[PDB]
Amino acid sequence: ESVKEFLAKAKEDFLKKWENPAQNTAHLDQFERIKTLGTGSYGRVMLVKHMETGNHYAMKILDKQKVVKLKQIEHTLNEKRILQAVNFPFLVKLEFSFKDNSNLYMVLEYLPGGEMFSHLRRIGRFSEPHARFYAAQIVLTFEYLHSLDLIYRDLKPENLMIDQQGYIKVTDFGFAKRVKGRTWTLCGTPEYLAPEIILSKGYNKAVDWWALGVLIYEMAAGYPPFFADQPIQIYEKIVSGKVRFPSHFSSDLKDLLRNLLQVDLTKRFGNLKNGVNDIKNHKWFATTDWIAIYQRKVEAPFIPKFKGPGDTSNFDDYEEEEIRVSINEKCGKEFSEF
């Protein structure tokens, strides 16, 4: 009942910003370029210093011409529109957004603790209580996002940052979409795709619950439930209706994962009449105090070593490329609302 009340007020706040988005809140000249944190299909993320405050931020840079070539215009507009409107403890904050002749810029809070991905690969795997701690934060985040009619569509350890208190922040809203009915875009990461996406069906928020099953399995095993050298071989594994669990997985963990990694939509947890409560009330989460997680009162199982607000030791090294700004405006009409 308090969840319904909290979400009702959360929806009112969201809808005001969704209907009247913040636009052009900074300029490139207000930032000092420090280091490239990463490059991917998401363009590039740069560590920057905001000169007026001395604050460090992670600046996502997208080339307008490349977005157009990749047919990602609508997805990029969704990303910025959604990010500027949301407000949740486990979501990365969009601090500023702007564009120039060549690029789009999204300035986000910087998490020097780095991606869950890097820590997970290095350590190998997380114990069940450690994995449960992160999984509970995802459960609350999807409960929040789904109540706003938002589908996330890109859950993976690469998209989960570890904050200075050991809690997570979901980043990368590149495929996030506000949709009341079903949708059809083939998007996401091969290992995390629900069978309904692979089989070109209309799908809904249940794909995020399947992706949660893949994440929990990956955190607890150290490898994903479906892996192979090529995406096609991964797709065949996903649709086969077969999953194998390590012998160290508890009975409760296996039961929860068979209900999340469920090919049948009428049977998938998160998608039934009781919605998110089928997950929250599962035996694997019996020790989880949901309010205490939300309030960040639970002691985190792992805290990244603090080496300063601008330290990059948790990120890999990338070739440093220029930020070129053409003298001519590119794709003006396409990115008018950004």
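Heads up: residue numbers just count along the shown sequence, starting at 1.
As listed in the deposited structure, the average C-alpha B-factor of 2 to 10 and of 328 to 336 is greater for 2 to 10. Across the two stretches, 284 to 292 and 61 to 69, the PDB entry reports the greater mean Cα temperature factor for 284 to 292. Considering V179, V170, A135, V263 together, the PDB entry gives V263 the largest C-alpha B factor. Per-chain ranking of the deposited C-alpha B factor places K80 in the lowest third. Sort the chain's modelled residues by C-alpha temperature factor and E196 lands in the middle third, per the entry. Annotation for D163: CA B-factor lies in the middle third of the chain's modelled residues.
Ranked by C-alpha B-factor against the other modelled residues of its chain, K156 falls in the lowest third. Per-chain ranking of the deposited C-alpha B factor places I238 in the middle third.
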